[PDB]
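Undergrad: How does the following fold in three dimensions:
(chains A and B)
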2 protein chains.
Amino acid sequence: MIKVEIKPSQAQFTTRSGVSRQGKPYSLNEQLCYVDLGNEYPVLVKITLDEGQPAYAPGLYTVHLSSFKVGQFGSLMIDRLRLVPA
Amino acid sequence: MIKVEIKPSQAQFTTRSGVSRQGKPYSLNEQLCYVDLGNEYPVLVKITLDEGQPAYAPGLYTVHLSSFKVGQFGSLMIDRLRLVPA
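TA: Residues are numbered from 1 along each chain as shown, chains lettered A, B, ... in the order given. What follows is the structure:
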């Protein structure tokens, strides 16, 4: 299991916006977190949230299976990092 | 944890080869596996092995932390799916 932590300072999201190729508006909410990749300290990672989802509260989390998909060359990829409480 | 299975029919690798932009030879070994993504059946996934590593034997495996890296846009990505026995 991957250990992910939302620190107290990372409890909010920011929103970027724009317009798709054929005219539709979009909004993307982004939140920061720390992921332990086994180096001397955890590293900073950006998360893009799913539609209608609030910012994750501060705490410890692991990665849900729905984060992964098979990509166009047949290898596994991350779609969006989706978290669940540890 | 992600459940990965190497079936008896997937016990071998194949090798693709070529030449880099500035002349160096390369060889890549590829193996197939099944990954359970929570659908009605596991899905077929291609693995590219690391240099000097044999094909994984048939059996159950999970994904090692070294499979992941932070990408150039600051989000988590899979580098290569690296497995360890379950």
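Undergrad: Would you mind listing what in chain A touches chain B?
TA: Within chain A, the positions near chain B by Cβ under 8 Å from any Cβ of the partner chain are A:1-2, A:35, A:37-38, A:43-48, A:65-66, A:68-70, A:73-78, A:81. Bear in mind the C-beta positions are built from the backbone N, C-alpha and C, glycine included.
Undergrad: Which residues does stretch A:66-76 contact?
TA: The contact list for stretch A:66-76, computed with Cβ atoms under 8 Å, 6 or more residues apart in numbering or on different chains, reads A:77-82, B:2, B:35, B:37-38, B:43-48, B:78, B:81.
Undergrad: Restricted to helices, list those.
TA: Nothing among those maps onto helices, per DSSP state H.
Undergrad: Give me the buried subset of the residues of chain A next to chain B.
TA: Neighbour counting with 16 or more other Cβ atoms under 10 Å in any protein chain shown marks A:2, A:35, A:37, A:45, A:47, A:68, A:70, A:76, A:78, A:81 as buried within those.
Undergrad: quick one: the first one and residue A:35 touch, right?
TA: Yes: contact criterion Cβ atoms under 8 Å: residue A:2 and residue A:35 qualify, at 6.5 Å.
Undergrad: Which elements pack onto the longest strand seen in chain A?
TA: In chain A, taking DSSP state E as the definition, the longest strand is strand A:25-35. Using 3 or more Cβ pairs under 8 Å, 6 or more residues apart in numbering or on different chains; DSSP states H and E as the contact test, the elements touching strand A:25-35 are strand A:4-6, strand A:14-19, strand A:43-48.
Undergrad: Would you mind listing the buried residues in that strand?
TA: For strand A:25-35, a neighbour-count test (16+ other Cβ under 10 Å) marks A:29, A:31-35 as buried.
Undergrad: Let me know the closest of the residues you listed to chain B.
TA: Closest approach between those and chain B, by Cβ to the nearest Cβ: residue A:35, at 6.2 Å.
Undergrad: Which residue comes closest to the closest one once chain neighbours are left out?
TA: Nearest non-adjacent residue to residue A:35, counting by Cβ to Cβ, 6 or more residues apart in numbering or on different chains: residue A:45, 4.8 Å away.
Undergrad: what about the one you found, distance to residue B:28?
TA: Here residue A:45 is placed at a distance of 28 Å from residue B:28 (Cβ to Cβ, to the nearest Å).
Undergrad: likewise residue A:59?
TA: Distance, residue A:59 to residue B:28, by Cβ to Cβ: 40 Å.
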